[PDB]
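**Q** I have a structure here, written as structure tokens, and I will follow up with some questions on it.
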There are 2 protein chains.
Amino acid sequence: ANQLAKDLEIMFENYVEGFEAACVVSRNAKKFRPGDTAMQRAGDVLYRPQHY
Amino acid sequence: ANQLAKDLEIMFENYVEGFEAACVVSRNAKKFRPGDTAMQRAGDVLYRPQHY
């Protein structure tokens, strides 16, 4: 047989199709931003009261 | 007139109805044509990346 050279044909940006996360539960949760100075002074914990 | 000659009436390209394949799945798939010189140099294989 001829013993021809064999190359690698790699299509470096033709990614095959890939998975995802929908993030739907965390899209729907309530979102809060305490202020990072206050959290630093508090030691990264805060407290909210409950009704009597 | 008891002994008349009998022919064959053959309608040589008047075909009766015939079966088919519908080719539905291969009509619906993606088609790709990678280039014959490139595939020959590559040994009839090519590669596509997957995401990190």
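Every read-out reported here was derived from the displayed coordinates using simple, explicitly stated rules and does not represent laboratory data. Heads up, the Cβs are rebuilt from the backbone with ideal geometry, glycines too, and the neighbour counts pull from every protein chain shown.
**Q** Taking residue A:36, is it more than 8 Å from every other protein chain (Cβ to nearest Cβ), exposed (fewer than 10 other Cβ atoms within 10 Å of the Cβ) and on the phi < 0 side of the Ramachandran plot?
**A** Spelling it out, residue A:36 is indeed more than 8 Å from every other protein chain (Cβ to nearest Cβ), exposed (fewer than 10 other Cβ atoms within 10 Å of the Cβ) and on the phi < 0 side of the Ramachandran plot.
**Q** Kindly evaluate residue A:1 against the criterion of being aliphatic (A, V, I, L, M) and in a loop (DSSP other than H, G, I, E, B).
**A** yes
**Q** Here's another thing I want to ask about it. Output the residues belonging to the range A:6-25 that are of a type in the set (A, V, I, L, M, F, W, C), assigned to a loop (DSSP other than H, G, I, E, B) and more than 7 Å from chain B (Cβ to nearest Cβ).
**A** Correct list: A:19, A:21, A:22, A:23.
**Q** Among the residues of the range A:1-20, which ones are under 29 Å from residue B:32 (Cα atoms) and either loosely packed, with under 10 Cβ neighbours inside 10 Å or within 17 Å of the chain's Cα centre (by Cα) (or both)?
**A** Of everything in the range A:1-20, those that are under 29 Å from residue B:32 (Cα atoms) and either loosely packed, with under 10 Cβ neighbours inside 10 Å or within 17 Å of the chain's Cα centre (by Cα) (or both) turn out to be A:2, A:3, A:4, A:5, A:12, A:13, A:17, A:18, A:19, A:20.
**Q** From the list B:32, B:19, pick out the single residue that is without any contact (Cβ under 8 Å) to a residue 40 or more places away in the chain, aromatic (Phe, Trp, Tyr) and over 30 Å from residue A:17 (Cα atoms).
**A** Going through B:32, B:19 in turn, the sole match is B:19.
**Q** A further question follows. Does residue B:47 satisfy the criteria of being within 14 Å of another protein chain (Cβ to nearest Cβ), of a type in the set (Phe, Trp, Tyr) and touching a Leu at 6+ places or on another chain (Cβ under 8 Å)?
**A** In short, yes.
**Q** Which condition number does residue B:45 fail, the rest of (1) β-branched (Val, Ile, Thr); (2) surrounded by 10 or more Cβ atoms within 10 Å (Cβ to Cβ); (3) part of a helix (DSSP H, G or I) being met?
**A** Result: residue B:45 passes all but (3).
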